[PDB]
$ cat entry07.tsv   # TSV, C-alpha atoms and all ligand atoms
chain	number	residue	atom	x	y	z
W	1	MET	CA	-14.72	-25.44	50.28
W	2	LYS	CA	-11.64	-27.04	48.76
W	3	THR	CA	-8.60	-24.86	48.17
W	4	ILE	CA	-8.85	-22.69	45.04
W	5	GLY	CA	-5.96	-22.66	42.58
W	6	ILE	CA	-5.54	-19.29	40.83
W	7	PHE	CA	-3.45	-19.35	37.63
W	8	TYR	CA	-2.65	-16.24	35.58
W	9	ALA	CA	-0.24	-14.64	33.13
W	10	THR	CA	0.57	-11.00	32.35
W	11	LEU	CA	2.58	-8.84	29.98
W	12	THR	CA	2.00	-5.28	31.21
W	13	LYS	CA	0.79	-6.13	34.74
W	14	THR	CA	-2.94	-5.26	34.34
W	15	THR	CA	-3.79	-8.90	35.16
W	16	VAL	CA	-1.79	-8.63	38.42
W	17	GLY	CA	-4.29	-6.08	39.76
W	18	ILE	CA	-7.22	-8.24	38.65
W	19	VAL	CA	-5.68	-11.24	40.46
W	20	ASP	CA	-5.22	-9.10	43.58
W	21	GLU	CA	-8.92	-8.26	43.41
W	22	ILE	CA	-9.87	-11.95	43.05
W	23	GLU	CA	-7.70	-12.71	46.07
W	24	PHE	CA	-9.40	-9.92	48.03
W	25	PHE	CA	-12.84	-11.43	47.37
W	26	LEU	CA	-11.42	-14.80	48.47
W	27	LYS	CA	-10.02	-13.31	51.69
W	28	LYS	CA	-11.86	-15.80	53.90
W	29	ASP	CA	-11.23	-18.76	51.54
W	30	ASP	CA	-8.17	-20.95	51.03
W	31	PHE	CA	-6.44	-20.23	47.72
W	32	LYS	CA	-3.00	-20.51	46.13
W	33	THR	CA	-1.83	-18.34	43.23
W	34	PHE	CA	0.56	-19.16	40.39
W	35	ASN	CA	1.99	-17.32	37.38
W	36	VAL	CA	1.96	-19.77	34.47
W	37	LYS	CA	5.21	-18.32	33.20
W	38	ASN	CA	6.39	-20.92	35.75
W	39	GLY	CA	4.32	-23.70	34.13
W	40	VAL	CA	0.91	-25.28	34.70
W	41	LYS	CA	1.92	-28.41	36.65
W	42	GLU	CA	0.09	-27.39	39.81
W	43	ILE	CA	-3.32	-27.16	38.11
W	44	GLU	CA	-3.48	-30.92	38.75
W	45	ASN	CA	-3.50	-30.30	42.51
W	46	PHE	CA	-6.74	-28.31	42.87
W	47	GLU	CA	-10.37	-29.28	42.61
W	48	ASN	CA	-11.42	-25.61	42.28
W	49	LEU	CA	-9.69	-23.42	39.69
W	50	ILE	CA	-9.67	-19.81	38.50
W	51	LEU	CA	-7.74	-19.46	35.22
W	52	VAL	CA	-7.00	-15.87	34.17
W	53	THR	CA	-5.52	-14.57	30.97
W	54	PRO	CA	-5.23	-11.26	29.15
W	55	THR	CA	-5.73	-11.44	25.39
W	56	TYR	CA	-3.01	-11.20	22.73
W	57	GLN	CA	-2.38	-12.11	19.05
W	58	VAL	CA	-5.90	-12.15	17.57
W	59	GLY	CA	-7.86	-13.61	20.43
W	60	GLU	CA	-5.18	-15.82	21.92
W	61	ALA	CA	-4.20	-16.17	25.53
W	62	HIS	CA	-0.88	-14.82	26.80
W	63	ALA	CA	2.03	-16.75	25.28
W	64	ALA	CA	2.77	-18.38	28.66
W	65	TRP	CA	-0.65	-20.03	28.45
W	66	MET	CA	-0.40	-20.77	24.72
W	67	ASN	CA	3.00	-22.41	25.22
W	68	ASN	CA	1.47	-24.67	27.88
W	69	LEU	CA	-1.75	-25.73	26.13
W	70	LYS	CA	-0.37	-29.22	25.39
W	71	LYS	CA	0.66	-29.63	29.04
W	72	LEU	CA	-2.76	-28.38	30.12
W	73	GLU	CA	-4.49	-30.91	27.92
W	74	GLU	CA	-2.53	-33.71	29.63
W	75	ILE	CA	-4.39	-32.93	32.87
W	76	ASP	CA	-7.52	-34.85	33.90
W	77	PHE	CA	-10.18	-32.25	34.76
W	78	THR	CA	-12.81	-34.77	35.86
W	79	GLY	CA	-14.41	-33.52	39.04
W	80	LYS	CA	-12.74	-30.09	38.80
W	81	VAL	CA	-14.86	-26.92	38.83
W	82	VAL	CA	-13.31	-24.11	36.79
W	83	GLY	CA	-13.97	-20.39	36.34
W	84	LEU	CA	-12.30	-18.47	33.49
W	85	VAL	CA	-11.36	-14.76	33.50
W	86	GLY	CA	-10.28	-12.80	30.44
W	87	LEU	CA	-8.94	-9.28	30.19
W	88	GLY	CA	-9.20	-7.50	26.87
W	89	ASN	CA	-10.20	-4.33	25.07
W	90	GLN	CA	-13.62	-4.63	23.47
W	91	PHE	CA	-13.46	-1.54	21.19
W	92	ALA	CA	-9.92	-1.99	19.87
W	93	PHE	CA	-10.52	-5.72	19.25
W	94	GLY	CA	-14.11	-5.92	18.04
W	95	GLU	CA	-13.77	-9.54	16.91
W	96	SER	CA	-11.44	-11.04	19.54
W	97	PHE	CA	-12.43	-9.48	22.88
W	98	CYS	CA	-11.21	-11.76	25.70
W	99	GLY	CA	-10.75	-14.51	23.11
W	100	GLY	CA	-7.99	-16.13	25.15
W	101	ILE	CA	-10.38	-17.93	27.47
W	102	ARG	CA	-11.71	-19.98	24.53
W	103	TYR	CA	-8.41	-21.92	24.41
W	104	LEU	CA	-8.72	-22.77	28.11
W	105	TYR	CA	-12.46	-23.52	27.96
W	106	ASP	CA	-12.23	-26.08	25.15
W	107	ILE	CA	-9.49	-28.00	26.97
W	108	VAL	CA	-11.22	-27.99	30.35
W	109	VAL	CA	-14.53	-29.36	29.06
W	110	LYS	CA	-12.78	-31.81	26.71
W	111	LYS	CA	-10.87	-33.29	29.67
W	112	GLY	CA	-13.95	-33.72	31.85
W	113	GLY	CA	-14.11	-30.48	33.81
W	114	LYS	CA	-17.08	-28.38	34.72
W	115	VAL	CA	-16.87	-24.70	33.66
W	116	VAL	CA	-18.93	-22.34	35.82
W	117	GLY	CA	-19.37	-18.59	35.94
W	118	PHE	CA	-20.78	-17.84	32.51
W	119	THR	CA	-21.68	-14.14	32.30
W	120	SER	CA	-24.22	-11.97	30.53
W	121	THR	CA	-23.12	-10.41	27.23
W	122	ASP	CA	-25.22	-7.32	27.99
W	123	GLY	CA	-23.17	-4.20	28.49
W	124	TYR	CA	-20.41	-5.14	26.04
W	125	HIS	CA	-19.73	-3.99	22.53
W	126	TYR	CA	-18.56	-6.62	20.05
W	127	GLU	CA	-18.71	-7.09	16.29
W	128	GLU	CA	-18.06	-10.87	16.50
W	129	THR	CA	-17.08	-13.20	19.30
W	130	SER	CA	-15.64	-16.67	19.83
W	131	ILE	CA	-16.31	-16.85	23.58
W	132	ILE	CA	-20.09	-17.38	23.69
W	133	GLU	CA	-21.93	-20.63	24.42
W	134	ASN	CA	-25.63	-20.81	25.30
W	135	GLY	CA	-26.04	-17.07	24.73
W	136	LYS	CA	-23.52	-16.13	27.45
W	137	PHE	CA	-19.81	-15.48	27.70
W	138	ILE	CA	-17.98	-18.64	28.82
W	139	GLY	CA	-16.33	-16.73	31.65
W	140	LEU	CA	-15.76	-13.32	33.22
W	141	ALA	CA	-14.79	-10.67	30.63
W	142	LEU	CA	-12.95	-7.58	31.91
W	143	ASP	CA	-11.98	-4.42	30.03
W	144	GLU	CA	-9.65	-2.22	32.09
W	145	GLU	CA	-9.18	0.30	29.26
W	146	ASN	CA	-12.83	1.04	28.59
W	147	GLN	CA	-14.70	-0.21	31.66
W	148	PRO	CA	-12.31	-0.10	34.65
W	149	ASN	CA	-15.02	1.25	36.91
W	150	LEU	CA	-17.09	-1.92	36.40
W	151	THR	CA	-14.28	-4.41	37.23
W	152	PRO	CA	-14.56	-4.52	41.08
W	153	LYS	CA	-18.27	-5.38	41.10
W	154	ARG	CA	-17.95	-7.67	38.05
W	155	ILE	CA	-15.32	-9.71	39.90
W	156	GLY	CA	-17.10	-9.67	43.28
W	157	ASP	CA	-20.42	-10.82	41.79
W	158	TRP	CA	-18.63	-13.50	39.75
W	159	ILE	CA	-16.66	-14.84	42.74
W	160	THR	CA	-19.89	-15.05	44.74
W	161	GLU	CA	-21.53	-17.01	41.93
W	162	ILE	CA	-18.78	-19.54	41.27
W	163	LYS	CA	-18.21	-20.21	45.00
W	164	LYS	CA	-21.71	-21.74	45.05
W	165	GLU	CA	-20.52	-24.37	42.55
W	166	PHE	CA	-17.06	-24.90	43.81
W	167	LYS	CA	-16.36	-28.34	45.73
W	201	LIG	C1	-0.20	-6.73	21.14
W	201	LIG	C2	-1.54	-6.71	21.85
W	201	LIG	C3	-2.57	-7.48	21.35
W	201	LIG	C4	-3.81	-7.47	22.02
W	201	LIG	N1	-4.81	-8.25	21.51
W	201	LIG	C5	-6.04	-8.26	22.12
W	201	LIG	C6	-7.05	-9.06	21.61
W	201	LIG	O1	-6.91	-9.76	20.63
W	201	LIG	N2	-8.28	-9.04	22.22
W	201	LIG	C7	-8.50	-8.29	23.34
W	201	LIG	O2	-9.63	-8.33	23.84
W	201	LIG	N3	-7.51	-7.49	23.87
W	201	LIG	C8	-6.27	-7.48	23.24
W	201	LIG	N4	-5.26	-6.71	23.79
W	201	LIG	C9	-5.55	-5.90	25.00
W	201	LIG	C10	-4.99	-6.59	26.28
W	201	LIG	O3	-5.45	-7.94	26.41
W	201	LIG	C11	-5.37	-5.76	27.50
W	201	LIG	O4	-4.71	-4.51	27.35
W	201	LIG	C12	-4.98	-6.39	28.86
W	201	LIG	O5	-5.41	-5.58	29.95
W	201	LIG	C13	-3.47	-6.59	28.99
W	201	LIG	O6	-3.22	-7.23	30.24
W	201	LIG	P1	-1.75	-7.36	30.90
W	201	LIG	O7	-1.24	-5.97	31.25
W	201	LIG	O8	-1.87	-8.19	32.16
W	201	LIG	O9	-0.85	-7.98	29.84
W	201	LIG	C14	-4.02	-6.67	23.14
W	201	LIG	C15	-2.97	-5.89	23.63
W	201	LIG	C16	-1.74	-5.92	22.97
W	201	LIG	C17	-0.62	-5.06	23.48
$ encode --input "entry07.tsv" --output "structure tokens"
Amino acid sequence: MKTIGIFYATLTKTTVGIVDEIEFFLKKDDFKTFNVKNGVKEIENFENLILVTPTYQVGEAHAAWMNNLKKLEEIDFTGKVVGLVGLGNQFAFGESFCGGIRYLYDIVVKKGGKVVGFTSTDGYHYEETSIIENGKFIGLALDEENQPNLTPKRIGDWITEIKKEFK
């Protein structure tokens, strides 16, 4: 399996614990981890990607991702296999839960990438959503406020699934 590039951002550090969990499930696999507050340049260097963002400002990604969306779109994603992870709060944001991964998704598929790791919408409460395609969420959706006890298995199952598609 080619080395996995893990890219995240965080405001209040919740995402740091989620990244640590991803890294734990990749304990036997080569990965490298980057905080996109330091830019997105290195996304170019990996064939396998895990892009992680908490949700801010009505369904947006963290500002460090938003500020780099033009740079991200400059990257050629052809032949890359990408899993997306959002963190959000589904009851406080009934219309924008984990909406940040939509900004990443649209760029990855536009630039030739393959997005993997769609997840079931069962077990979530939402009034509206912008992160569904084909009846599933376009990535892994985590809610540490309301469903922290589901996060470890949600991540472990997801990592098992996307590793089957990874190069
Ligand atoms: C100002 C603010 C806006 C937020 N907006 C959303 C949102 O639109 N959708 C969502 O699902 N969660 C939203 N959240 C919840 C966060 O995404 C969630 O608490 C996450 O765990 C924060 O991760 P972090 O500690 O790594 O920054 C918001 C939180 C704050 C403080």
$ residues_near_point --input "entry07.tsv" --point "(-5.4, -11.1, 37.8)" --cutoff "10 Å" --atoms "all atoms listed in the file" --output "MDAnalysis selection string"
chainID W and resid 6:10 13:23 33 35 50:54 85:87
$ write_last_selection --input "entry07.tsv" --atoms "C-alpha atoms" --output "short mmCIF file (atom, residue, chain, number, x, y, z; two decimals), keeping the file's coordinate frame"
data_model
loop_
_atom_site.label_atom_id
_atom_site.label_comp_id
_atom_site.auth_asym_id
_atom_site.auth_seq_id
_atom_site.Cartn_x
_atom_site.Cartn_y
_atom_site.Cartn_z
CA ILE W 6 -5.54 -19.29 40.83
CA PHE W 7 -3.45 -19.35 37.63
CA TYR W 8 -2.65 -16.24 35.58
CA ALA W 9 -0.24 -14.64 33.13
CA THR W 10 0.57 -11.00 32.35
CA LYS W 13 0.79 -6.13 34.74
CA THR W 14 -2.94 -5.26 34.34
CA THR W 15 -3.79 -8.90 35.16
CA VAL W 16 -1.79 -8.63 38.42
CA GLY W 17 -4.29 -6.08 39.76
CA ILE W 18 -7.22 -8.24 38.65
CA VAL W 19 -5.68 -11.24 40.46
CA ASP W 20 -5.22 -9.10 43.58
CA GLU W 21 -8.92 -8.26 43.41
CA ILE W 22 -9.87 -11.95 43.05
CA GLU W 23 -7.70 -12.71 46.07
CA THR W 33 -1.83 -18.34 43.23
CA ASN W 35 1.99 -17.32 37.38
CA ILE W 50 -9.67 -19.81 38.50
CA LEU W 51 -7.74 -19.46 35.22
CA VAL W 52 -7.00 -15.87 34.17
CA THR W 53 -5.52 -14.57 30.97
CA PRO W 54 -5.23 -11.26 29.15
CA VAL W 85 -11.36 -14.76 33.50
CA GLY W 86 -10.28 -12.80 30.44
CA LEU W 87 -8.94 -9.28 30.19
#
$ closest_residue --input "entry07.tsv" --among "W:147, W:129, W:96, W:48" --to "residue 84 (chain W)" --atoms "only C-alpha atoms"
W:48
$ closest_residue --input "entry07.tsv" --among "W:104, W:11, W:72, W:81" --to "ligand LIG 201 (chain W)" --atoms "all atoms listed in the file"
W:11
$ atom_distance --input "entry07.tsv" --atom1 "CA of residue 140 (chain W)" --atom2 "CA of residue 36 (chain W)"
18.9 Å
$ atom_distance --input "entry07.tsv" --atom1 "CA of residue 28 (chain W)" --atom2 "CA of residue 41 (chain W)"
25.4 Å
